[PDB]
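Below is one structure, written out as C-alpha cells; the observations come after it.
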Ligand SMILES: CCCCCCCCCCCCCCC(=O)CSCCNC(=O)CCNC(=O)[C@H](O)C(C)(C)COP(=O)(O)OP(=O)(O)OC[C@H]1O[C@@H](n2cnc3c(N)ncnc32)[C@H](O)[C@@H]1OP(=O)(O)O
Ligand SMILES: CCCCCCCCCCCCCCCC(=O)OC[C@@H](O)COP(=O)(O)O
C-alpha cells in the first residue's frame with residue numbers, strides 16, 4: 087500500500103476533459119492549499135524586540151567605547173545580519189518551483205514512493221497546532237527538494253530549512269529565501285579576535301525561538317556534509333542545543349520530532365571516488389541530466405514529543421561514563458555543564474539511528490552487497506537471481522522495507538544497468554546466459570562499496586558476532615563470546631551507528647547472540706554453545722565475516738603504519754601520509770580488499786586511535802599536532818595493539 091508522488095492523472099485533478107488531461111500537471115498545482123497566511127509574519131522586528139537580543143546589542147555597545161551613541165551602529169550591524177538570514181516565503185514561487193520539479197523529477201527518476209500509513213501519522217501531527225522538526229539523513233543534493241515537494245503534494249505547509257552559508261551568493265540567494273531556506277553562518281566565528289560573536293548567537297537563538305513561537309515546521313540536516321561512504325556519519329549538536337534551550341525555559345509548550353529516511357537507487361552525483369581518494381562544467385551538467393536513474397523512497401519514522409523524551413531521560417539512572425580507552429585498554433594491555462552536553466549528543470545520535478533504520482533497501486544496494494562479498498570472482502545471472510531472492514527475504518525477516526517490488530528476474534536486470542561503470546556483462550561459451558564480474562580496480566571498487574554500504578546497517582550487529590566466533594575459536611562460553619563482541623563494538627564505535635544510545639554494547643551483543651540461538655546457527659550444549710556444521714549455515718557465517726573485511730583491514734593497515742611514527746606531525750598532513758600507505762597496498766596488490774583504501778575509513782582509524790589514547794592531541798591556532806602517548810611510547814605496546822585487531826580479521 088504505497089503511493090507514487092510523481093504520477094499525476096485526470097483522476098488526481100477535479101476537472102476531467104480533453105483539454106484538462108493535457109494540462110493535468112497545471113490543474114494539480116492550482117488545487118494546492120498554500121494560501122500565505124500560515125507562514126511567519128514580521129520576524130525581523132519580533133527578533134530585534136526580544137530582551138536577550140537587546141541585552142546582546144547593549145553589551146557589544148559597552149565594549150567599543152573608550159556619550160554612548162555607538163548603540164545605533166551595532167543595532168544597524170545587528171539588523172544587517174537578520175536581513176540576509178531570515179527567509180521571506182512566497183507561495184507564488186512555491187507553486188512555480190513545484191511545477192518545474194514535477195517535470196524534472198518525472199524525467200530523471202523512474203518514480204518516488206511514500207507509505208500511505210506513515211504520511212497519515214505526519215498529517216495527524218499537522219492536525220494538532222504544535223511546531224514540527226523534520227530531521228532527514230543527508231545522502232545527495234536532491235534531499236533539499238524531496239522533503240518540501242512531498243508535503244506540498246499533500247498540501248502540508250512547506251518547512252523552513254537551515255541552509256548552509258556555502259549556497260548564499262548574489263541573485264540565487266533570494267530564490268532560496270522564497271522557498272523557505274534561511275541561511276545560517278558556519279562556526280559562529282566571523283574572526284578569531286573576540287572569540288564567539290555574542291551578538292550573532294543572540295540573533296540566531298532569537299530567530300529560531302521566534303520561528304517556533306509562531307508554530308511552524310523546521311527542517312535541519314544533523315550531518316553537516318552529505319555522507320561519502322554511503323552510511324550515516326557522526327551527529328552535529330549545534331542547532332538541537334538551541335531547540336532544547338527553547339523548550340527548557342518553558343517559552344514554548346512542546347515540539348514534535350520526525351526522523352526522515354530518504355533512499356536513492358542511484359544518487360544523481362553518481363560515484364564519490366574523486367573526493368573518496370584526493379566549458380568543462382557545462383558538458384558535465386548536460387551529461388548528468390540526460391541519464392535516467394532508478395527509484396526513490398522517503399520514509400517518516402513515527403513522531404515523538406521532545407518534552408516526553410527529555411522527562412523520560414531524567415527518570416533513568418546514572419549515565420555510564422566508561423571511556424573508550426577505559427573500556428578497551430584492559431582487554432588490549434593485560456561536570457554539571459558536561460551532563461547536558463552529553464544529553465543533547467545522545468538525543469542527536471538517537472534521531473540519526475531512527476532516521477537511518479527507516480531508509481528502505483534498494484535493488485542496487487543488495488546487488489552490490491552480493492557482487493562484492495558473496496561472489497567477488499563472478500557468477501551466472503540465473504545463479505545471482507536465486508541468491509538475490511534469498512537475500513531479499515532475509516531483509517524482510519528483520520522488519521526492513523524494500524524499494525523494489527517488481528519481478529525478481531527483472532529488478533536485477535534493471536539494477537545491473539545502473540552499476541554499468543562497475544560491472545561487465547560477458548557471454549560464457551556453450552551457455553546461452555549472461556556472466557557478471559565486478560571491477561576490482563581502485564577507481565571502480567569504491568563506487569560498488571558506496572552502494573553496498575546501503576545494506577551494511579542491516580547485518581552490522583550479526584557481523585560483529587560472526588567475527589567474534591572466529592576470534593574466540595583461535609564449544610564457546612556464552613559470557614566469553616559476548617565480552618569479546620562487546621570489545622569489537624567499542625573498536626568500530628567511531629564509524630556508523632551500531633545501537634541506540636540508551637542500550638549498552640553488552641546487552642545488544644547479548645540479545646544478538648540470543649537471536650543466533652533462534653536461527654539455529656548456535657545451539658546450547703554461564704552456558705556452552707556449539708556452532709552448527711551445515712553447508713547452508715557456514716556460507717552465511719563466512720559471508721558475515723567478509724562483510725567486516727574492509728572495516729577491519731583498514732584498521733589493521735593503519736595499526737601497521739603506526740609502528741614507524743616519529744616526532745609530532747600536523748593531522749591534515751598525517752591523514753595524507755596515512756591515506757597514501759593504504760593506496761600503495763592496492764597498487765602493490767598486497768591488500769585483500771581494495772575497499773579499505775577509502776578516505777572515510779582513514780578519518781575513522783585516526784579518530785579511533787585518539788579515543789584509545791595512542792595519539793595525545795595538543796592543538797594551537799587552526800591545525801592540531803599529533804603527539805605519541807606515554808602508554809604507547811614504547812615499540813612493544815604498538816605491536817600488542819596490532820595483534821589484537823589482527824585476531825578479528827580472517828587469515
Ligand atoms: C515544492 C517547493 C520546493 C522548494 C525547494 C526547497 C529547496 C531550498 C534549498 C534549501 C537549501 C538547504 C541546504 C541545506 C544543507 O546543505 C545542509 S548544510 C548543514 C546545516 N546545518 C548544520 O550545520 C547542522 C549542524 N549545525 C552545527 O553544528 C552548528 O549550528 C554550526 C553550523 C554553527 C557549526 O557548529 P560549530 O563549528 O560552531 O561547532 P559546534 O561543536 O557545533 O559548537 C557550536 C556551539 O553549539 C553548542 N553545542 C555544540 N555541541 C553541543 C552539545 N553536544 N550539547 C549542547 N550544546 C552544544 C555550543 O553552544 C557550542 O559552542 P562552543 O563552541 O563555545 O562550545
Ligand atoms: C534551487 C532549486 C531550483 C530548482 C532546480 C534544481 C534542480 C536540481 C539541481 C541539480 C542537482 C545539483 C547538481 C550538482 C552537481 C555536482 O555537484 O556535480 C557532480 C560532482 O560533484 C560529482 O563528482 P564525483 O563525486 O567525482 O563523481
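Residue numbers (PDB author numbering): 87 to 152, 159 to 370, 379 to 434, 456 to 595, 609 to 659, 703 to 828.
Heads up, the beta-carbon is just placed ideally off N, CA and C, and yes, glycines get one too.
Is residue i near ligand 1, with its Cβ less than 7 Å from a heavy atom?
| i | result |
| --- | --- |
| residue 255 | yes |
| residue 807 | no |
| residue 525 | no |
| residue 252 | no |
| residue 279 | yes |
| residue 226 | no |
| residue 329 | yes |
| residue 268 | yes |
| residue 631 | no |
| residue 792 | no |
| residue 189 | yes |
| residue 294 | no |
| residue 186 | yes |
Can you tell me whether residue i sits near ligand 2, meaning its C-beta is under 7 Å from at least one heavy atom of the ligand?
| i | result |
| --- | --- |
| residue 638 | no |
| residue 111 | no |
| residue 209 | no |
| residue 546 | no |
| residue 514 | no |
| residue 363 | yes |
| residue 366 | yes |
| residue 218 | no |
| residue 206 | no |
| residue 360 | yes |
| residue 566 | no |
So, are the CB atoms of residue i and residue j less than 8 Å apart?
| i | j | result |
| --- | --- | --- |
| residue 628 | residue 781 | yes |
| residue 181 | residue 125 | yes |
| residue 186 | residue 250 | yes |
| residue 590 | residue 581 | no |
| residue 350 | residue 214 | yes |
| residue 634 | residue 742 | no |
| residue 739 | residue 815 | yes |
| residue 92 | residue 204 | yes |
| residue 347 | residue 406 | yes |
| residue 769 | residue 726 | yes |
| residue 651 | residue 587 | no |
| residue 488 | residue 516 | no |
| residue 822 | residue 758 | no |
| residue 563 | residue 763 | yes |
| residue 258 | residue 568 | no |
| residue 704 | residue 639 | no |
Sorted by chain position, which residues of the same chain lie with C-beta nearer than 8 Å to residue i's C-beta, five sequence neighbours on each side aside?
| i | result |
| --- | --- |
| residue 463 | 419 |
| residue 360 | 200, 232, 233, 234, 388 and 393 |
| residue 553 | none |
| residue 94 | 110, 111, 114 and 194 |
| residue 824 | 592 and 595 |
| residue 99 | 106, 110, 113, 114 and 117 |
Grab me the residues of residue i's own chain with a C-beta within less than 7 Å of its C-beta, minus the 5 sequence neighbours each way, in chain order.
| i | result |
| --- | --- |
| residue 146 | 166, 290 and 291 |
| residue 190 | 115, 241 and 244 |
| residue 159 | none |
| residue 505 | 491, 533 and 557 |
Less than 6 Å between C-beta atoms, sequence neighbours within five positions excluded: which residues of the same chain meet that for residue i?
| i | result |
| --- | --- |
| residue 608 | Along the chain, the last residue before the gap is 595 and the first after it is 609, so residue 608 carries no coordinates. |
| residue 316 | 328 |
| residue 325 | 315 and 319 |
| residue 583 | 721 |
Bridge partners of residue i, per DSSP?
| i | result |
| --- | --- |
| residue 405 | 348 |
| residue 794 | 803 |
| residue 90 | 205 |
| residue 817 | DSSP output for residue 817 lists no bridge partner at all. |
| residue 824 | Per DSSP, none; premise fails for residue 824. |
| residue 547 | 556 |
| residue 356 | 396 |
Whole alpha helix (DSSP H) elements within the region 204-266, 4-residue minimum: 208-219 and 235-244
Sequence ranges, alpha helix (DSSP H) only - wholly within the region 273-346, length at least 4: 290-305 and 332-340
Continuous alpha helix (DSSP H) assignments of at least 4 residues falling wholly in the region 473-540: 484-490, 502-518 and 529-539
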